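Let me begin by presenting the structure, written as structure tokens, before commenting on it.
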Protein chains: 2
Amino acid sequence: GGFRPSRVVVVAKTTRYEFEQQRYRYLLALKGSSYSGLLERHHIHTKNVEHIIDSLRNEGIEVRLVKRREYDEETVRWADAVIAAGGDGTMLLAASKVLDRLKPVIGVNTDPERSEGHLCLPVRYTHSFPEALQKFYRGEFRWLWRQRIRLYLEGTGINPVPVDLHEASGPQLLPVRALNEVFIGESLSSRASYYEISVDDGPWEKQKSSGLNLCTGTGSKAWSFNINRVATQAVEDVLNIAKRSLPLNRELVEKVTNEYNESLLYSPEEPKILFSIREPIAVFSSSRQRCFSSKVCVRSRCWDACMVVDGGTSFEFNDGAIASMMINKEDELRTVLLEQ
Amino acid sequence: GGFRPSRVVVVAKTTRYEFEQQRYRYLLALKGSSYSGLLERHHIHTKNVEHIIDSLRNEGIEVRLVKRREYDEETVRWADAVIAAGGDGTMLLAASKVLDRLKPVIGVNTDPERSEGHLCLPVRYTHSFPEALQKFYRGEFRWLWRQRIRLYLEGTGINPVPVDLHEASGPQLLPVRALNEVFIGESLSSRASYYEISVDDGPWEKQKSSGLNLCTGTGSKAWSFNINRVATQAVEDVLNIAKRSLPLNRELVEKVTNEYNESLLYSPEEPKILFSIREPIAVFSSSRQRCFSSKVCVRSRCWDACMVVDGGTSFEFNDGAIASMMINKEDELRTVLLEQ
Ligand SMILES: [Ca+2]
Ligand SMILES: [Ca+2]
Ligand SMILES: [Ca+2]
Ligand SMILES: [Ca+2]
């Protein structure tokens, strides 16, 4: 028990003001949808960021502060620990370049009232950040080894070169892990996807849908949730045709949805891949809207499709390519847990 | 009652063999996923096509036969009537270049065992096609004027130039109608969409989702179905938590889903736009999973998004642009109805 880092990398979200300051570097304001609080969005990110690095350096920890474009596998090795300073976006980016279950990576919600932060330290430590560093020293914290999906590409016509979205061959290992998910599907969101899935080495079934989602326990509150969740206005629709027991009050409408959406979440440390079929098109038959597994391999039959890991890295997955997802231990990422 | 066409355009799907014959014009076979029946897919499309045009010309109707690239607004005006010779794909393409509620357009399912055809003449007339032409002469048919969504772009940063996916400003009218749907949403399928909707001139609510669908009565069996339909394996999941009346047999599981999915379809002649929010993300609050309206206008707040009409034409719809959908009479498309 106990942990003080000697050197850390702070990798910072690039705010939406930073965006245009460099994007349109080629008054101002323009549309009323800016400046009013856009330069304030920026002012409070850099505020919090300076508080973090002021509070690191004031405890004698050595910090390099770097943005999306200057954060690489080389700086991560200098780091005893890694800090994402943004939202979960930033956390996912910071986890992308870590592949070592003993490097800790910790997210600080650099802007609470509009970032979400469900992978970062509580909103408390965003502004009382020595209180965090002290808890780390004194060991009043806990280790959360988060499960991560590992990728594997083979087949023919394949191309394992990764693509930063921020702009006859053997089984190659793709160089990102998935903290949140791996989303297979067609590029044109209107072109339907077609493939053959195989769960836990079971037989191959054909499928036609708007894509495949493949999440970790921790990623089950992210995309795999919006895929599969039900709506309270459409359980009233389902429970009223289920009329022709209960008198059906509004209190019940929420207590049937809230126990349904509660089964779609499992635990970060749990080592299962919850893989759902997004809007399946039921000929090729369907069933299993979703299910838990350990290994799933899908065979691409698409024209121009990608498999996309945590929304930031993309891989080609046109007809002839094969991918294989599996949780493996040396992938699990070392997060911390603190107090309200 | 009665209708004989004097000249017709037959516009033909380009088969998947035609694809590669010209795409890789830059033995053969390659992957086992071809040739076995790929050159047979082609052999039976051109077969049926020749039967159609043989059966036109043998009744003394004058036909120009043209493919995707040679079918234009000029040939549609020569035509007394227009024939799509493919699947609904082809039908939607053929309707794209017609904007005149008195031109008839008729689809012939050029390949029944793998095309679907739910906008074309029955599978009967694909091979007994004079039997169709005779029914047209003798008036043993019926006119189906199918409702069509009409598009309207304004605002700033906008760009109303259409994009064939087959590769301070006033309200401009976009030059495609929607037979099936109009799908607003972000281009990266992982980037979330954000916008402000306004139904029937009601107030503007903000929204965050994986896009917007906007279908006609006829388009309600297409995409708007896969968006909103329920699964029989996840009503068992909903009706078993709705346990803690019925004993729940498998016969019921289908009869509650089949009456739910039955309310998501309305009639082609019905002039309402059923607009659903695709996987809404409930801060900006949500409700109304879908609802009927006559006019809906949405205000783009996206970075790199398109609105896509019938899957074939795309328009930019980044922040600052405004679109407005509405059914108007001179759009309704003139289809026929025949017998089993
Ligand atoms: Ca300072
Ligand atoms: Ca290739
Ligand atoms: Ca002939
Ligand atoms: Ca623009």
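Residues displayed in chain B correspond, in order, to Swiss-Prot positions 64-89, 100-240, 264-340, 345-382, 385-442.
The backbone N, Cα and C atoms fix where each Cβ goes, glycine too.
As recorded in Swiss-Prot:
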| type | residues | note |
| --- | --- | --- |
| MOD_RES | B:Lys76 | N6-succinyllysine |
| MOD_RES | B:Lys76 | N6-acetyllysine |
| MOD_RES | B:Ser188 | phosphoserine |
| MOD_RES | B:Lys302 | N6-succinyllysine |
| MOD_RES | B:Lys317 | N6-succinyllysine |
| MOD_RES | B:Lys317 | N6-acetyllysine |
| MOD_RES | B:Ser367 | phosphoserine |
| MOD_RES | B:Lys397 | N6-acetyllysine |
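B:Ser367 (phosphoserine) and B:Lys76 (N6-succinyllysine) have their C-alpha atoms 27 Å apart, to the nearest angstrom. In the three-state DSSP classification, B:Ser367 (phosphoserine) falls within coil. Taking a Cβ distance under 6 Å to any atom of ligand 2 as the criterion, the modified residues B:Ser188, B:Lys302, B:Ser367, B:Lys397 reduce to none. Sorting the modified residues B:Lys76, B:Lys302, B:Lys317, B:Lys397 by the number of other Cβ atoms within 10 Å puts B:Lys76 first.
Distance noted between the C-alpha atoms of B:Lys76 (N6-succinyllysine) and B:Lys317 (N6-succinyllysine) is 22 Å. Candidate modified residues: B:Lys302, B:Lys317, B:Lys397. Nearest to B:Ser188 (phosphoserine) by Cα distance: B:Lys317. In the three-state DSSP scheme, B:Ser188 (phosphoserine) is classed as coil. DSSP assigns B:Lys397 (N6-acetyllysine) to a strand. The modified residues near ligand 4, defined by a Cβ under 6 Å from one of its atoms, do not include any of B:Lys76, B:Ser188, B:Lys317, B:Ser367, B:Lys397. Residue environment of B:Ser367 (phosphoserine) contains 14 other Cβ atoms, counted within 10 Å of its Cβ in all protein chains. In the deposited model, 4 residues between B:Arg340 and B:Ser345 are left unbuilt, and the Cα atoms flanking this gap sit 11 Å apart.
Between B:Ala382 and B:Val385, the deposited structure omits 2 residues, and the straight-line distance between their CA atoms comes to 8 Å.
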